[PDB]
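Experimental structure and sequence below, a few questions after.
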Amino acid sequence: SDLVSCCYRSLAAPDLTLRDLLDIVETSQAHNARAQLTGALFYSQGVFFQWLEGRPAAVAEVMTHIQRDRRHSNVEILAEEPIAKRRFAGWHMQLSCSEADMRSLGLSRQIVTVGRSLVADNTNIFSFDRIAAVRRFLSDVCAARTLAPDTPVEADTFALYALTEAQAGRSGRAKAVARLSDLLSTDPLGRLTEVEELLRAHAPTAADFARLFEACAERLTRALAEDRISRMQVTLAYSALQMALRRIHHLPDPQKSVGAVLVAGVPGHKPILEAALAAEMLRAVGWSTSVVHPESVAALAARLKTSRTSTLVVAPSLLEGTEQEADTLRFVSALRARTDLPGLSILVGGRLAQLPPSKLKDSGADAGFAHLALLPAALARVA
Ligand SMILES: Cc1cc2nc3c(=O)[nH]c(=O)nc-3n(C[C@H](O)[C@H](O)[C@H](O)COP(=O)(O)O)c2cc1C
């Protein structure tokens, strides 16, 4: 064989255009054609996924050029594996995007469309699941169109691929959450290294961290309710998770950002972890993010009229939910009163996000996110 594959994820420049994508595609088609390289490029919501395959040397040279490119950043290698045969034969470099992005760019082949519509807000689908699903989908589309070019492929076909991948990971993840919840319930600080290793194994990205945390959080809320653990135990666990998070994920603020956002807790609530996660998730898709733990409504009012950052995410406290709801209500309402900013947007999580959007209108908050991992998606909608 002697064929190799390389795949990475990167953050497209915030000012990226169709002309750029097309230039990349033409350059890449030409060069890959000469150098005997194949693969696919997937663009969705400011993010690139790419797969490249060929002889080792070719892949290495082209990666040398790509890494230094200035139309994207945070290139993270995801795989460098030997393959038995090409997954994208005939595709020197084929472009593809999500259905939503197809709408946003005004496109309608030859660009392979991926319908994420049905699975995008499914919290059981982890990051690597989406990546592998995209890979398999595109490889298959490549085969198909190699056989029957004028035979169109349904975008929403991808959904099944994604769901299938997630389902493959489900059991193992359940084990992980169980083991984890046990650790957090016993001595999370005495066994922090184990917590970290688990998290590191099962949560490659920050959103994954968020999924695991939601699961553990309901487990522990149940445990605390049934008086099986103490409040002190929950505080310990919370600390342990903050430490583990910071050790593992700690993205710098993106220099070229899609926008700026303020993440704040409600005064008295200490959503330290949830705010950190929110910041990590938003940073990972290209948002400039600031975390604030204000102690008065007025403080935040000042910071907002100073920043002129028209977007505010109120991070929920998923472990102090005795009175998160009415507190958040009062807080957002108060904030809206002391504020004179027609462009201001507010997003809310927790139990408040579980209410029907009618209540959301009534709330003065603009939109909700019933699960942490849904936050990026919820933000893009308002933008
Ligand atoms: C997301 C992305 C994917 C790219 N993929 C390829 C590729 O598969 N093959 C290629 O030759 N260039 C690719 N490029 C372009 C290279 O980064 C770079 O423009 C080119 O290889 C060097 O230009 P040259 O034609 O003067 O050698 C890609 C660029 C970006 C931003």
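The structure has been received and is ready for your questions. Residues are numbered from 1 along each chain as shown.

Could you use CA atoms for every contact and neighbour count after this?
Will do.

Do a quick rundown of the strands in the stretch 251-383 of the chain.
Here the stretch 251-383 of the chain has its strands, by DSSP state E, counting those that start in this stretch, at 259-264, 287-292, 311-314, 345-348, 367-368.

Determine which of these approaches the ligand most closely.
For the strands of the stretch 251-383 of the chain, proximity to the ligand was assessed by CA to the nearest ligand atom; strand 287-292 is nearest, at 19.0 Å.

Quick one: list the elements packing against that closest one.
The helices and strands touching strand 287-292, judged by 3 or more CA pairs under 8 Å, 6 or more residues apart in numbering; DSSP states H and E, are strand 259-264, helix 272-284.

What lies in contact with the longest one?
Outside helix 272-284, the residues that touch it by CA atoms under 8 Å, 6 or more residues apart in numbering are 206-207, 209-210, 238, 241-242, 249-254, 263-265, 288-291, 315-318, 372-373, 375-376.

and what of stretch 78-85?
1, 2, 3, 4, 5, 6, 7, 8, 9.

The same query, at a cut-off of 7 Å, please.
1, 3, 4, 5, 6, 7, 8, 9 (CA atoms under 7 Å, 6 or more residues apart in numbering).

Please apply the same query to stretch 344-355.
Residues contacting stretch 344-355 (CA under 7 Å, 6+ apart): 310-316, 318, 325, 365-371.

just to revisit the earlier point, pick the most deeply packed of the helices and strands packed on strand 287-292.
helix 272-284 (a mean of 24; mean count of other CA atoms under 10 Å).

Run the angle between that helix and strand 287-292 for me.
160 degrees (axes from the mean of the first three to the mean of the last three CA atoms, to 10 degrees).

gap between helix 272-284 and the chain center?
10 Å (CA atoms, centre = their mean, to the nearest Å).

Export stretch 123-135 to CSV, keeping only CA atoms.
Below are the C-alpha coordinates for stretch 123-135, written out as CSV (Å, rounded to 0.1, in the frame of the first residue of the first chain):
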residue,chain,number,x,y,z
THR,A,123,-26.7,16.5,22.7
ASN,A,124,-25.9,12.8,22.5
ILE,A,125,-23.7,13.3,19.5
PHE,A,126,-20.1,14.0,20.4
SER,A,127,-17.5,16.0,18.4
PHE,A,128,-15.6,13.1,17.1
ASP,A,129,-18.9,11.5,16.1
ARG,A,130,-19.7,14.4,13.9
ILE,A,131,-16.2,14.4,12.4
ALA,A,132,-16.3,10.6,11.6
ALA,A,133,-19.9,10.9,10.3
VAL,A,134,-18.8,13.7,7.9
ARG,A,135,-15.9,11.6,6.7
